[PDB]
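Enquirer: Contents of run_5.pdb (PDB, N, CA and C atoms) are given next:
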ATOM      1  N   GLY A   1     -26.349  15.208  -4.766  1.00  0.00           N
ATOM      2  CA  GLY A   1     -25.545  14.350  -5.682  1.00  0.00           C
ATOM      3  C   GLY A   1     -24.054  14.539  -5.396  1.00  0.00           C
ATOM      4  N   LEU A   2     -23.699  15.724  -4.977  1.00  0.00           N
ATOM      5  CA  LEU A   2     -22.269  15.998  -4.673  1.00  0.00           C
ATOM      6  C   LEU A   2     -21.738  15.041  -3.608  1.00  0.00           C
ATOM      7  N   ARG A   3     -22.564  14.739  -2.645  1.00  0.00           N
ATOM      8  CA  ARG A   3     -22.126  13.814  -1.567  1.00  0.00           C
ATOM      9  C   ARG A   3     -21.700  12.465  -2.144  1.00  0.00           C
ATOM     10  N   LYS A   4     -22.622  11.805  -2.786  1.00  0.00           N
ATOM     11  CA  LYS A   4     -22.304  10.480  -3.384  1.00  0.00           C
ATOM     12  C   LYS A   4     -20.960  10.501  -4.112  1.00  0.00           C
ATOM     13  N   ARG A   5     -20.680  11.588  -4.777  1.00  0.00           N
ATOM     14  CA  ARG A   5     -19.390  11.684  -5.514  1.00  0.00           C
ATOM     15  C   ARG A   5     -18.205  11.890  -4.568  1.00  0.00           C
ATOM     16  N   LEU A   6     -18.388  12.720  -3.580  1.00  0.00           N
ATOM     17  CA  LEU A   6     -17.272  12.968  -2.621  1.00  0.00           C
ATOM     18  C   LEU A   6     -16.922  11.698  -1.846  1.00  0.00           C
ATOM     19  N   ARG A   7     -17.917  11.071  -1.279  1.00  0.00           N
ATOM     20  CA  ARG A   7     -17.647   9.828  -0.506  1.00  0.00           C
ATOM     21  C   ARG A   7     -16.828   8.835  -1.329  1.00  0.00           C
ATOM     22  N   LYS A   8     -17.351   8.457  -2.463  1.00  0.00           N
ATOM     23  CA  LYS A   8     -16.614   7.492  -3.320  1.00  0.00           C
ATOM     24  C   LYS A   8     -15.209   8.005  -3.635  1.00  0.00           C
ATOM     25  N   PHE A   9     -15.081   9.300  -3.738  1.00  0.00           N
ATOM     26  CA  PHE A   9     -13.742   9.883  -4.045  1.00  0.00           C
ATOM     27  C   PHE A   9     -12.729   9.526  -2.960  1.00  0.00           C
ATOM     28  N   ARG A  10     -13.023   9.914  -1.749  1.00  0.00           N
ATOM     29  CA  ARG A  10     -12.087   9.607  -0.635  1.00  0.00           C
ATOM     30  C   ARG A  10     -11.875   8.101  -0.491  1.00  0.00           C
ATOM     31  N   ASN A  11     -12.621   7.340  -1.243  1.00  0.00           N
ATOM     32  CA  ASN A  11     -12.468   5.863  -1.155  1.00  0.00           C
ATOM     33  C   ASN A  11     -11.434   5.387  -2.169  1.00  0.00           C
ATOM     34  N   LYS A  12     -11.416   6.033  -3.302  1.00  0.00           N
ATOM     35  CA  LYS A  12     -10.442   5.643  -4.354  1.00  0.00           C
ATOM     36  C   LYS A  12      -9.024   6.038  -3.949  1.00  0.00           C
ATOM     37  N   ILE A  13      -8.858   7.269  -3.549  1.00  0.00           N
ATOM     38  CA  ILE A  13      -7.510   7.723  -3.140  1.00  0.00           C
ATOM     39  C   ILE A  13      -6.985   6.847  -2.006  1.00  0.00           C
ATOM     40  N   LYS A  14      -7.832   6.602  -1.047  1.00  0.00           N
ATOM     41  CA  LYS A  14      -7.421   5.760   0.105  1.00  0.00           C
ATOM     42  C   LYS A  14      -6.662   4.514  -0.351  1.00  0.00           C
ATOM     43  N   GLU A  15      -7.016   4.000  -1.500  1.00  0.00           N
ATOM     44  CA  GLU A  15      -6.312   2.785  -1.993  1.00  0.00           C
ATOM     45  C   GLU A  15      -4.865   3.101  -2.370  1.00  0.00           C
ATOM     46  N   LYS A  16      -4.679   4.157  -3.110  1.00  0.00           N
ATOM     47  CA  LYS A  16      -3.296   4.528  -3.517  1.00  0.00           C
ATOM     48  C   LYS A  16      -2.436   4.866  -2.302  1.00  0.00           C
ATOM     49  N   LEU A  17      -3.075   5.183  -1.210  1.00  0.00           N
ATOM     50  CA  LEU A  17      -2.294   5.523   0.012  1.00  0.00           C
ATOM     51  C   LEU A  17      -1.621   4.281   0.586  1.00  0.00           C
ATOM     52  N   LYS A  18      -2.415   3.324   0.974  1.00  0.00           N
ATOM     53  CA  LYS A  18      -1.832   2.083   1.547  1.00  0.00           C
ATOM     54  C   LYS A  18      -0.827   1.450   0.586  1.00  0.00           C
ATOM     55  N   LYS A  19      -0.784   1.945  -0.623  1.00  0.00           N
ATOM     56  CA  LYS A  19       0.173   1.371  -1.605  1.00  0.00           C
ATOM     57  C   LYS A  19       1.595   1.879  -1.372  1.00  0.00           C
ATOM     58  N   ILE A  20       1.740   3.167  -1.205  1.00  0.00           N
ATOM     59  CA  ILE A  20       3.106   3.703  -0.977  1.00  0.00           C
ATOM     60  C   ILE A  20       3.588   3.355   0.429  1.00  0.00           C
ATOM     61  N   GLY A  21       2.673   3.298   1.360  1.00  0.00           N
ATOM     62  CA  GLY A  21       3.073   2.962   2.755  1.00  0.00           C
ATOM     63  C   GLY A  21       3.737   1.587   2.792  1.00  0.00           C
ATOM     64  N   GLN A  22       3.552   0.840   1.739  1.00  0.00           N
ATOM     65  CA  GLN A  22       4.160  -0.512   1.684  1.00  0.00           C
ATOM     66  C   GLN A  22       5.527  -0.450   0.999  1.00  0.00           C
ATOM     67  N   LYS A  23       5.745   0.601   0.258  1.00  0.00           N
ATOM     68  CA  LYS A  23       7.050   0.743  -0.446  1.00  0.00           C
ATOM     69  C   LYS A  23       8.105   1.415   0.441  1.00  0.00           C
ATOM     70  N   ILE A  24       7.681   2.317   1.286  1.00  0.00           N
ATOM     71  CA  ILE A  24       8.667   3.000   2.168  1.00  0.00           C
ATOM     72  C   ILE A  24       9.110   2.110   3.336  1.00  0.00           C
ATOM     73  N   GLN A  25       8.204   1.321   3.854  1.00  0.00           N
ATOM     74  CA  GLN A  25       8.575   0.434   4.991  1.00  0.00           C
ATOM     75  C   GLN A  25       9.650  -0.574   4.586  1.00  0.00           C
ATOM     76  N   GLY A  26       9.889  -0.681   3.309  1.00  0.00           N
ATOM     77  CA  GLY A  26      10.927  -1.645   2.841  1.00  0.00           C
ATOM     78  C   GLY A  26      12.307  -0.986   2.828  1.00  0.00           C
ATOM     79  N   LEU A  27      12.334   0.278   2.512  1.00  0.00           N
ATOM     80  CA  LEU A  27      13.635   0.998   2.474  1.00  0.00           C
ATOM     81  C   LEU A  27      14.040   1.492   3.866  1.00  0.00           C
ATOM     82  N   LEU A  28      13.085   1.986   4.609  1.00  0.00           N
ATOM     83  CA  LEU A  28      13.401   2.488   5.974  1.00  0.00           C
ATOM     84  C   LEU A  28      14.397   1.585   6.729  1.00  0.00           C
ATOM     85  N   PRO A  29      14.095   0.304   6.891  1.00  0.00           N
ATOM     86  CA  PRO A  29      15.016  -0.598   7.608  1.00  0.00           C
ATOM     87  C   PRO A  29      16.455  -0.484   7.101  1.00  0.00           C
ATOM     88  N   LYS A  30      16.608  -0.214   5.835  1.00  0.00           N
ATOM     89  CA  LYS A  30      17.984  -0.089   5.285  1.00  0.00           C
ATOM     90  C   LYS A  30      18.537   1.315   5.525  1.00  0.00           C
ATOM     91  N   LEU A  31      17.750   2.307   5.200  1.00  0.00           N
ATOM     92  CA  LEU A  31      18.211   3.706   5.403  1.00  0.00           C
ATOM     93  C   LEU A  31      18.099   4.107   6.872  1.00  0.00           C
ATOM     94  N   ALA A  32      16.912   4.008   7.405  1.00  0.00           N
ATOM     95  CA  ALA A  32      16.720   4.378   8.832  1.00  0.00           C
ATOM     96  C   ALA A  32      15.617   3.535   9.468  1.00  0.00           C
TER      97      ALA A  32
END
Written as structure tokens, how would this file's structure read?
Expert:
Amino acid sequence: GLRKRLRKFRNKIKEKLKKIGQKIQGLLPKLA
């Protein structure tokens, strides 16, 4: 049962990741 929970876990966080990667690419061009 632990597996089913772990897999889905790394799936939820993965979403919040691609979210910030979209916020920094906007400032970089201005800062660096």
Enquirer: I'd like the interatomic distance between atom N of residue 29 (chain A) and atom N of residue 17 (chain A), to a tenth of an Å.
Expert: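 Separation of atom N of residue 29 (chain A) and atom N of residue 17 (chain A): 19.6 Å.
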Enquirer: Taking all atoms of region 6-25 of chain A that the file lists, what box with edges along x, y and z, padded by 5 Å per side, do you get, with centre and edge lengths in Å to one decimal, as lines of an AutoDock Vina configuration file?
Expert:
center_x = -4.4
center_y = 6.2
center_z = 0.3
size_x = 38.0
size_y = 23.5
size_z = 19.3
Enquirer: Quote the spacing between CA of residue 3 (chain A) and CA of residue 21 (chain A) in Å to one decimal place.
Expert: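 CA of residue 21 (chain A) lies 27.8 Å from CA of residue 3 (chain A).
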Enquirer: May I ask for the distance between CA of residue 20 (chain A) and atom C of residue 32 (chain A), given in Å to one decimal place?
Expert: 16.3 Å
Enquirer: For chain A, write C-alpha atoms out as a PDB file, in the first residue's frame.
Expert:
ATOM      1  CA  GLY A   1       0.000   0.000   0.000  1.00  0.00           C
ATOM      2  CA  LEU A   2       2.947   2.312   0.664  1.00  0.00           C
ATOM      3  CA  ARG A   3       3.840   2.237  -3.029  1.00  0.00           C
ATOM      4  CA  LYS A   4       0.477   3.467  -4.304  1.00  0.00           C
ATOM      5  CA  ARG A   5       0.827   6.386  -1.888  1.00  0.00           C
ATOM      6  CA  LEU A   6       4.427   7.235  -2.791  1.00  0.00           C
ATOM      7  CA  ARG A   7       3.850   7.203  -6.551  1.00  0.00           C
ATOM      8  CA  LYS A   8       0.858   9.539  -6.376  1.00  0.00           C
ATOM      9  CA  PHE A   9       2.894  11.724  -4.016  1.00  0.00           C
ATOM     10  CA  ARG A  10       5.731  12.441  -6.441  1.00  0.00           C
ATOM     11  CA  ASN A  11       2.946  13.258  -8.892  1.00  0.00           C
ATOM     12  CA  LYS A  12       1.349  16.028  -6.852  1.00  0.00           C
ATOM     13  CA  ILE A  13       4.571  17.849  -6.016  1.00  0.00           C
ATOM     14  CA  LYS A  14       5.674  17.626  -9.639  1.00  0.00           C
ATOM     15  CA  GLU A  15       2.820  20.022 -10.415  1.00  0.00           C
ATOM     16  CA  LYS A  16       3.961  22.727  -7.999  1.00  0.00           C
ATOM     17  CA  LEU A  17       7.406  22.458  -9.579  1.00  0.00           C
ATOM     18  CA  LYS A  18       6.559  23.435 -13.148  1.00  0.00           C
ATOM     19  CA  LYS A  19       4.687  26.310 -11.506  1.00  0.00           C
ATOM     20  CA  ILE A  20       7.655  28.213 -10.090  1.00  0.00           C
ATOM     21  CA  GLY A  21       9.794  27.413 -13.134  1.00  0.00           C
ATOM     22  CA  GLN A  22       7.345  29.659 -14.966  1.00  0.00           C
ATOM     23  CA  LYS A  23       7.717  32.540 -12.513  1.00  0.00           C
ATOM     24  CA  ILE A  24      11.526  32.730 -12.524  1.00  0.00           C
ATOM     25  CA  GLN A  25      11.899  32.617 -16.320  1.00  0.00           C
ATOM     26  CA  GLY A  26      10.026  35.928 -16.353  1.00  0.00           C
ATOM     27  CA  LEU A  27      12.403  37.799 -14.049  1.00  0.00           C
ATOM     28  CA  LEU A  28      15.662  36.256 -15.284  1.00  0.00           C
ATOM     29  CA  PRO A  29      15.536  38.176 -18.616  1.00  0.00           C
ATOM     30  CA  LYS A  30      15.349  41.388 -16.587  1.00  0.00           C
ATOM     31  CA  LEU A  31      17.826  40.517 -13.833  1.00  0.00           C
ATOM     32  CA  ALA A  32      20.062  38.058 -15.673  1.00  0.00           C
TER      33      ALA A  32
END
